[PDB]
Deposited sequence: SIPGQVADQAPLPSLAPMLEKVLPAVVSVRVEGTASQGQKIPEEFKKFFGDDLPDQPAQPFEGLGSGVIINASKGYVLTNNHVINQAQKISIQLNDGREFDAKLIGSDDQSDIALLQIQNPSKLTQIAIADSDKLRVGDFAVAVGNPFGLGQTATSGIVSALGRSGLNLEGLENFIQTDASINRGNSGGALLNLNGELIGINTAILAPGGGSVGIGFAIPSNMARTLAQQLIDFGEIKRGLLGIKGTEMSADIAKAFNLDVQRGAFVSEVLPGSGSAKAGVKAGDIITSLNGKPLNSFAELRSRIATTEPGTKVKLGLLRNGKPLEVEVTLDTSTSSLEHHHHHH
């Protein structure tokens, strides 16, 4: 009868694992992970967690320990995929559409802070599409005020249905501890990158064939436009998908697949996460007139 997160945490907590690492001088590292495929034993984590690893072990919240092998990783986005050796009676997580997230939505962080064991912390979605934090090469972070500390890395950011909305990755902390400014790689980005690693053992980096800057209020005022966020195209590379689709220098990319862009940095991370050959719909503004253009991504 009393409101609680316990009925949904009960079912979902076994999917979030502790990731123990050993490697090169000898060292012992600790982070978290999320079981994305119970049958194959596929675990999502951060690349900075398994980076110098020679031996990787996974621990379930029931005490069961398993060995794990690195399937693949991406240095730029900070996502690594592991495979549990001889998986058995595993629980997997359901993945939500992180593009349907909004500031104010409730979030639960599940990880292993300070190697204490499985810890759940609660908060809200503080911000979305966060970039220019110079944490990662590719950033499109969910920001949350759920307490996220060292050892929370690779862990789950969940909604109130216990579905994955993101992979806890970094924090802003003056003194090494949580102040309520935490960052998660969104679920759609982690899911897509995970698929590339299950299919090829490596990521396939997509590119538009565009060169540009951040759209500003200053460009918008100069051309009497009602949008001030997005990508300002300065150059369209010849022979690229963008040239073939009819993208022109001076265009303002406003949307990607119908969803508005809050920055060029968001566009850059969303396109590099997408596989070459994939077709995307670009929302454009040419001399103050709207256009929709379908672009086939090239390889980087």
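Just jot down which stretches of the deposited chain sequence have no CA coordinates, in the order they come. Coordinates drop out over 1 to 10, 35 to 58, 335 to 345.
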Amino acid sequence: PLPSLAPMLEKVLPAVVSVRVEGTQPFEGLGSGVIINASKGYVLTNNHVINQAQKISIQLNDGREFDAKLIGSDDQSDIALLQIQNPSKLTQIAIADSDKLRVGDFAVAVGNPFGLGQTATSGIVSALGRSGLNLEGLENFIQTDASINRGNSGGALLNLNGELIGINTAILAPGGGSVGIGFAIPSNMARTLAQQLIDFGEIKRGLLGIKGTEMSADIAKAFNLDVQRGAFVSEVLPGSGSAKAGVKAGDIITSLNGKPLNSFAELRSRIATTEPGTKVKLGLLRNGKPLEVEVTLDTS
From here on, numbers count along this sequence of modelled residues.
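I need to verify one thing: averaged over C-alpha atoms only, is the B-factor higher for 130 to 138 or for 116 to 124? It is 130 to 138 that shows the higher mean C-alpha B-factor.
Out of 198 to 206 and 176 to 184, which stretch has the higher average CA B-factor listed in the record? Per the deposited B-factors, the answer is 198 to 206.
Just grab whichever of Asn161, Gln143, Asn152, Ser73 has the top CA B-factor as deposited. Highest C-alpha B-factor among the listed residues goes to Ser73.
Chain thirds of CA B-factor: placement of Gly33: Lowest third, going by the recorded CA B-factors of the chain.
Going by the recorded CA B-factors, say which third of the chain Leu237 sits in, lowest, middle or highest. Ranked within chain, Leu237 CA B lands in the highest tercile.
Please place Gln25 in the lowest, middle or highest third of its chain according to the CA B-factor in the PDB entry. Highest third - that is where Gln25 ends up once the chain's C-alpha B-factors are sorted.
Can you tell me which third, lowest, middle or highest, the CA B-factor of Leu101 falls into for its chain? Lowest third, going by the recorded CA B-factors of the chain.
Taking the entry's C-alpha B-factors for this chain, is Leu297 in the lowest, middle or highest third? Answer is middle: the recorded C-alpha B-factor places it there.
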